[PDB]
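Asker: Structure below; questions to follow.
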Amino acid sequence: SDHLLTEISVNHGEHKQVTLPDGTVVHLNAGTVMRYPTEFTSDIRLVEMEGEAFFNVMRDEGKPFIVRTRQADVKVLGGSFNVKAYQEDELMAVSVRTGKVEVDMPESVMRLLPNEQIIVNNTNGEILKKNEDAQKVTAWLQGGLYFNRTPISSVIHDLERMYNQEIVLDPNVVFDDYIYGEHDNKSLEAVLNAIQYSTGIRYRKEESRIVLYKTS
Ligand SMILES: [Cl-]
């Protein structure tokens with residue numbers, strides 16, 4: 001007896017770590033699913049994932065490592081990078097710590113170097129390649145938060161997943177804020193207070209939910 005294929009799922013509020021058969025180390029963020037084989041095929045090292053993970057890929061220049069998501073294939077020979085691709089999110093991002101990374105989509109193929117990032121907007125189809133501190137992007141590894149012109153909906157999803165908390169918007173209020181912020185491991189209430197400071201977004205408890213709102 002022996003398993004050939006495994007699926008690891010991460011709940012909201014938690015983290016998981018996996019060493020793959022090739023020696024690649026994966027850090028899986030809250031709400032992530034990853035399918036991987038107990039032995040890789042001879043031609044590539046393929047994994048399937050939905051959510052967010054940080055990969056530390058074992059260099060093998062004759063056997064590419066592929067992170068397959070619904071929207072893209074992230075291919076390396078070696079390196080370390082973050083893939084953020086939650087099904088519920090409007091954005092997708094691939095950020096490189098070390099190594100060279102190819103992000104392959106039907107409409108674009110881009111090769112990224114350390115501290116380069118690709119942001120794909122699943123709504124309007126806009127793609128952006130820019131420079132970004134990969135250490136800040138991977139702040140979730142140490143339970144931190146990093147927002148750089150991040151839409152409020154992505155901020156809410158990040159908070160819901162990190163703290164395993166339902167966060168709901170007040171239907172009377174308009175929310176189209178872009179958040180800027182950097183938080184060390186803090187409580188949800190400390191982060192919501194920091195967001196209140198820079199946006200005026202207030203929060204209230206309604207049973208098991210947190211309701212966000214604004215007022216004049
Ligand atoms: Cl490397």
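Just so we're on the same page: first chain in the structure tokens is A, next is B, and so on; residues restart at 1 for each chain, and ligands are numbered from 1 in the order they show up.
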Out of stretch 24-167 of chain A, which residues get strand (DSSP E or B) from DSSP, as a ChimeraX atom specification?

Answerer: /A:25-28,33-37,45-57,65-68,73-76,79-85,91-99,101-105,108-112,116-121,127-131,145-151,167

Asker: Produce as a PyMOL selection string the set of residues near ligand 1, where near means within 8 Å with only C-alpha atoms and all ligand atoms considered.

Answerer: chain A and resi 57+59+78-80+98-100

Asker: Fewer than 6 positions away in the same chain doesn't count, so skip those; otherwise give me all residues within 12 Å of residue A:140, counting only C-alpha atoms, as a PyMOL selection string.

Answerer: chain A and resi 13-15+27-30+52-54+82+84+134+146-147+158-159+161-163+182-186

Asker: Could you save the residues just selected, with N, CA and C atoms, as a PDB file, in the first residue's frame?

Answerer:
ATOM      1  N   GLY A  13      -7.652  30.983   9.104  1.00  0.00           N
ATOM      2  CA  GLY A  13      -7.037  31.125  10.412  1.00  0.00           C
ATOM      3  C   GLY A  13      -5.801  30.271  10.597  1.00  0.00           C
ATOM      4  N   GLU A  14      -5.456  29.399   9.616  1.00  0.00           N
ATOM      5  CA  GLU A  14      -4.281  28.548   9.791  1.00  0.00           C
ATOM      6  C   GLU A  14      -3.328  28.595   8.553  1.00  0.00           C
ATOM      7  N   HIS A  15      -2.128  28.000   8.727  1.00  0.00           N
ATOM      8  CA  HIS A  15      -1.000  27.791   7.808  1.00  0.00           C
ATOM      9  C   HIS A  15      -0.582  26.355   7.783  1.00  0.00           C
ATOM     10  N   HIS A  27       4.853  26.765   1.614  1.00  0.00           N
ATOM     11  CA  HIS A  27       4.131  27.383   2.725  1.00  0.00           C
ATOM     12  C   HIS A  27       2.760  27.745   2.207  1.00  0.00           C
ATOM     13  N   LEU A  28       1.713  27.151   2.766  1.00  0.00           N
ATOM     14  CA  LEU A  28       0.365  27.393   2.259  1.00  0.00           C
ATOM     15  C   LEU A  28      -0.390  28.327   3.198  1.00  0.00           C
ATOM     16  N   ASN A  29      -0.937  29.418   2.623  1.00  0.00           N
ATOM     17  CA  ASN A  29      -1.695  30.401   3.366  1.00  0.00           C
ATOM     18  C   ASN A  29      -3.133  29.902   3.598  1.00  0.00           C
ATOM     19  N   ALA A  30      -3.868  30.539   4.540  1.00  0.00           N
ATOM     20  CA  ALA A  30      -5.256  30.221   4.888  1.00  0.00           C
ATOM     21  C   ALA A  30      -6.156  30.152   3.652  1.00  0.00           C
ATOM     22  N   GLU A  52      -3.171  30.850  -1.971  1.00  0.00           N
ATOM     23  CA  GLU A  52      -1.874  31.496  -1.899  1.00  0.00           C
ATOM     24  C   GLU A  52      -0.840  30.579  -1.262  1.00  0.00           C
ATOM     25  N   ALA A  53       0.339  30.516  -1.881  1.00  0.00           N
ATOM     26  CA  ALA A  53       1.449  29.717  -1.377  1.00  0.00           C
ATOM     27  C   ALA A  53       2.788  30.346  -1.736  1.00  0.00           C
ATOM     28  N   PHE A  54       3.769  30.101  -0.889  1.00  0.00           N
ATOM     29  CA  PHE A  54       5.143  30.506  -1.118  1.00  0.00           C
ATOM     30  C   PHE A  54       5.923  29.240  -1.360  1.00  0.00           C
ATOM     31  N   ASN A  82       6.085  33.786  -4.541  1.00  0.00           N
ATOM     32  CA  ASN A  82       4.742  33.784  -4.012  1.00  0.00           C
ATOM     33  C   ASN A  82       3.736  33.784  -5.162  1.00  0.00           C
ATOM     34  N   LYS A  84      -0.333  34.194  -5.493  1.00  0.00           N
ATOM     35  CA  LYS A  84      -1.590  34.537  -4.826  1.00  0.00           C
ATOM     36  C   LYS A  84      -2.681  34.484  -5.866  1.00  0.00           C
ATOM     37  N   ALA A 134       9.609  41.638  -2.416  1.00  0.00           N
ATOM     38  CA  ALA A 134       9.056  40.296  -2.249  1.00  0.00           C
ATOM     39  C   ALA A 134       8.936  39.913  -0.781  1.00  0.00           C
ATOM     40  N   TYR A 146       0.480  43.354   4.206  1.00  0.00           N
ATOM     41  CA  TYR A 146       1.116  44.338   3.354  1.00  0.00           C
ATOM     42  C   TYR A 146       0.149  44.738   2.237  1.00  0.00           C
ATOM     43  N   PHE A 147      -0.228  46.009   2.227  1.00  0.00           N
ATOM     44  CA  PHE A 147      -1.156  46.598   1.257  1.00  0.00           C
ATOM     45  C   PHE A 147      -0.501  47.770   0.568  1.00  0.00           C
ATOM     46  N   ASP A 158      -8.452  39.078   2.658  1.00  0.00           N
ATOM     47  CA  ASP A 158      -7.218  38.770   3.396  1.00  0.00           C
ATOM     48  C   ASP A 158      -7.481  38.640   4.891  1.00  0.00           C
ATOM     49  N   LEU A 159      -8.266  39.580   5.474  1.00  0.00           N
ATOM     50  CA  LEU A 159      -8.628  39.604   6.887  1.00  0.00           C
ATOM     51  C   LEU A 159      -9.545  38.439   7.250  1.00  0.00           C
ATOM     52  N   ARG A 161      -9.706  35.524   5.826  1.00  0.00           N
ATOM     53  CA  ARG A 161      -8.920  34.312   5.713  1.00  0.00           C
ATOM     54  C   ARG A 161      -7.891  34.209   6.853  1.00  0.00           C
ATOM     55  N   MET A 162      -7.181  35.296   7.165  1.00  0.00           N
ATOM     56  CA  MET A 162      -6.184  35.332   8.230  1.00  0.00           C
ATOM     57  C   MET A 162      -6.801  35.104   9.619  1.00  0.00           C
ATOM     58  N   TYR A 163      -7.962  35.725   9.904  1.00  0.00           N
ATOM     59  CA  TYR A 163      -8.569  35.665  11.241  1.00  0.00           C
ATOM     60  C   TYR A 163      -9.795  34.751  11.295  1.00  0.00           C
ATOM     61  N   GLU A 182       1.110  48.448   6.248  1.00  0.00           N
ATOM     62  CA  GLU A 182       2.059  47.418   6.602  1.00  0.00           C
ATOM     63  C   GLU A 182       1.868  47.155   8.087  1.00  0.00           C
ATOM     64  N   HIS A 183       1.489  45.914   8.429  1.00  0.00           N
ATOM     65  CA  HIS A 183       1.199  45.506   9.798  1.00  0.00           C
ATOM     66  C   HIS A 183       1.962  44.268  10.204  1.00  0.00           C
ATOM     67  N   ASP A 184       2.654  44.330  11.353  1.00  0.00           N
ATOM     68  CA  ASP A 184       3.319  43.183  11.973  1.00  0.00           C
ATOM     69  C   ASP A 184       2.219  42.287  12.543  1.00  0.00           C
ATOM     70  N   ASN A 185       2.509  41.081  13.064  1.00  0.00           N
ATOM     71  CA  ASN A 185       1.415  40.264  13.586  1.00  0.00           C
ATOM     72  C   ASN A 185       0.656  41.057  14.681  1.00  0.00           C
ATOM     73  N   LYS A 186      -0.567  41.470  14.342  1.00  0.00           N
ATOM     74  CA  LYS A 186      -1.504  42.246  15.151  1.00  0.00           C
ATOM     75  C   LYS A 186      -2.821  41.504  15.318  1.00  0.00           C
TER      76      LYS A 186
END

Asker: Nearest residue to residue A:177 out of A:153, A:208, A:123, A:193, using only C-alpha atoms?

Answerer: A:153

Asker: Taking 3 positions as the minimum chain separation for residues in the same chain, which residues sit within 6 Å of residue A:202 when counting only C-alpha atoms? Answer as a ChimeraX atom specification.

Answerer: /A:196,212-214

Asker: Can you write just those residues out, C-alpha atoms, as an mmCIF file, in the first residue's frame?

Answerer:
data_model
loop_
_atom_site.group_PDB
_atom_site.id
_atom_site.type_symbol
_atom_site.label_atom_id
_atom_site.label_comp_id
_atom_site.auth_asym_id
_atom_site.auth_seq_id
_atom_site.Cartn_x
_atom_site.Cartn_y
_atom_site.Cartn_z
ATOM 1 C CA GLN A 196 -10.262 53.230 10.394
ATOM 2 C CA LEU A 212 -17.897 47.578 7.964
ATOM 3 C CA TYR A 213 -19.490 50.993 7.346
ATOM 4 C CA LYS A 214 -18.874 54.733 6.901
#
